[PDB]
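Here the structure comes first, spelled out in structure tokens, and everything after it is commentary.
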Amino acid sequence: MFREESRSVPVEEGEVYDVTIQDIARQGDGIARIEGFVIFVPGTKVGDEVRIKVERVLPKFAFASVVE
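If you use my numbering, the sequence shown corresponds to residues 25 to 92, in order.
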């Protein structure tokens with residue numbers, strides 16, 4: 025981009041959100057796509073509504089786990 029990225033992202037490392045697993049990648053990774061940003065929550069189900077702890081975030085995708 026010609027414009028610098030402000031890095032204004034939805035999620036940061038160490039956060040928790042009440043998300044619904046809308047999609048799943050073939051392996052068991054729940055895809056929480058917030059505005060298009062793909063957060064992987066391994067070990068979930070389609071339609072599963074859980075509090076995910078976003079452990080860490082990468083420039084292309086985020087990792088989170090279910091803390092019930």
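Each residue gets a CB set at the ideal place from its N, CA and C atoms; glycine is no exception.
Euclidean distance between Cα positions of residue i and residue j
{"i": "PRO66", "j": "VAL33", "result": "21 Å"}
{"i": "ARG80", "j": "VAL62", "result": "13 Å"}
{"i": "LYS69", "j": "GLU37", "result": "23 Å"}
{"i": "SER89", "j": "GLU28", "result": "31 Å"}
Three-state secondary structure (DSSP) of residue i
{"i": "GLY67", "result": "coil"}
{"i": "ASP47", "result": "strand"}
{"i": "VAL81", "result": "strand"}
Contacting residues, own chain, Cβ-Cβ under 6 Å from residue i (five flanking each side not counted)
{"i": "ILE58", "result": "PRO34"}
{"i": "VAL43", "result": "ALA56 and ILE76"}
{"i": "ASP53", "result": "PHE64 and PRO66"}
{"i": "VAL74", "result": "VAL90"}
First and last residue of the uninterrupted beta strand (DSSP E) at residue i
{"i": "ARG31", "result": "Premise fails: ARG31 is in no beta strand (DSSP E) and is neither H nor E."}
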